[PDB]
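Each of two forms of one protein chain follows alone as structure tokens, named structure 1 and structure 2.
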Structure 1
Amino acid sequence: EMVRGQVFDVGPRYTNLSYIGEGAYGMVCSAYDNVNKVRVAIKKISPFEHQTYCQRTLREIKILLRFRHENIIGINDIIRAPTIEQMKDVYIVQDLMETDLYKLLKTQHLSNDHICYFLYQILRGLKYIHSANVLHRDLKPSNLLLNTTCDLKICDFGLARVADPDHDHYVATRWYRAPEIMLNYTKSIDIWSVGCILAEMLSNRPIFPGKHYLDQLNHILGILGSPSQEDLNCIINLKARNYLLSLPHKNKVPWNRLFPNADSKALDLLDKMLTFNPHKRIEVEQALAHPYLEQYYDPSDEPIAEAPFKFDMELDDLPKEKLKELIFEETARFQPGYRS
């Protein structure tokens, strides 16, 4: 039960614990499933002190328990105390994945073939997510779990939202953040992130590594060049479209100059994914149909959602006590004596 001066309490089913890269809300550890005769990953989460942590925990649980797809990480089991009073830390059991794209990029330059089929697997899972009317909102290499070159799964659905183009009023990982987010809930923001990931696979480094959001914008415009009047007019929040302007005018740096060693089809697709204007940005079914992925594209082998997702209760304004109860309810199916 003991792991590095801290209780884990995931017995007696899960044993032979071994500490691995710890998460944010608690920690992550490997374990042997005595029931399934295989090693698994267990994610200890203690979100109950703070409201946001409770949103992200509940968000990921509802989404992942409903989703069933080869390129999306699943939830095998949830370990938790019998009563609400007793539980402070939730345990989530998932398939063990050897590494992630972030780690893999630190150690290896990727071949065009490996990049191509990685890109396919991401978009395949994304197709499922978007067909369910769900946004991931935080795609990046570290959220792409890997076992082999043929085994990629998308994880961390804490920031996942149901799509809502008309939702106008916390933010995603900066380097992979779409320009419309920083200037003024659409599927286009996910394609942008993927574009950033594709660029990163092609050169083993972030394409837009800003220090903060204004600098993030400068990096983006530094490659794409100064936005047209067309793209300018779609910036609804003044002090942006009329912030800069002043705009040390920049020319569009050609993709083939940034990535001289890359497949021209990859750069073409990369170009469609990283278009400034979100309304002109390529969609997930179109990206899959792009020539660069023609050797893998197969609509008959790309499952979609049975029913477009909708949160039965809308969580944004609810207190952390109400969240704990909703978390308690959602995880009840994994408890002994569960009815209905």
Structure 2
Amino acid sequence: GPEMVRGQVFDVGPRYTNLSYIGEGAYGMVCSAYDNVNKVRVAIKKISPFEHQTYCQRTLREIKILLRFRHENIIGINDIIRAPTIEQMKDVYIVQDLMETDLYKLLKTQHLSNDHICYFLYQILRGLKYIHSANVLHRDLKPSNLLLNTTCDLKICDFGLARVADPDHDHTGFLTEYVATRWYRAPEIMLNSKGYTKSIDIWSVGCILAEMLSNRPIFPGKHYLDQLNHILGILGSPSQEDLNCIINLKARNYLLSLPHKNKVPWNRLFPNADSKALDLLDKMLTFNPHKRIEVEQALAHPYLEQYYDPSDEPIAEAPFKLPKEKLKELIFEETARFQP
């Protein structure tokens, strides 16, 4: 019979033994196990998406992206376990490298040295260069999606909200609902953006840098619109030029209705930070997304001079450009290479 964990089927087969519960993911239980072929412990996510089109779409997109990508700073998929036939397939199990920790757990307990902040930021941006070069947006960068091994090598994980970039279709109305983690949302999400531009990810990286400098989230909004008031409470009121860039009247008039808010100087919020780190932070946390630094510029910033080497910051060879029954078929096909 199958391996059981907490009374539930976790059917990973004889390759993977000595299971240990980790937690609940979006579509199922997550465990670690021992890989008897590669002789290391691995992470395994159980995914049961087939009852809903949206679950199928997020699962298929992540599988397609991660199987195409190959980069040192991006988690891979090592194996995918599923039944031999579509009729018998109800779950899929995704096997990935098991890391030591994530940046969320590290920031809860550990002060980061400036050298560690620098190195972590370099690797995040190196991975993001590759993602963005493939015309993909991650859309949910945050500390728990940054994994670290025992020597502080970093991998970006969780492409369950990723999308192909679509800057020509980014505009939306004021107060449009959004899926990604609140605290890392750029201001434009709450104003006029669907999060279909690369600048969405740079904002989230800027939030992560701020969180590495102080061990606390910089903009911990409690609800949708509070997120924007946190952002404006530090950046201050937008300039006329930046407001003029927001054509949507409801969004612009919301911003015009607010009392004046002063900018909080970065060196006052982060009195212990390197001055070059704060200059780069300022450029990532720029209100106007068109003025916000892009990933390659960030890599070239003086803060990262010890690491920057564009020849060793690879790009993707092959950038990217339905009812649930059809999506089940595509998942079955996309996972076929892992069958014996």
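We call the rigid core whatever largest set of C-alpha positions still superposes within 1.5 Å between the two forms. Residue positions are counted from 1 along structure 1's sequence.
A 2 Å or larger CA shift between structures 1 and 2, after fitting on the rigid core, occurs at just one of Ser264, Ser228, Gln108, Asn237, namely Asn237. The rigid-core alignment places the CA of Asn76 less than 2 Å apart between structures 1 and 2.
Core-superposed comparison between structures 1 and 2: the Cα of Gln51 travels 2 Å or more. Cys150 is among the residues whose C-alpha shifts by 2 Å or more between structures 1 and 2 once the rigid core is aligned. Comparison between structures 1 and 2 places the CA of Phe328 1.2 angstrom away from its other position, after core fitting. Here the two forms are laid over each other by their core, and the C-alpha of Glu85 is off by 2.1 Å between structures 1 and 2.
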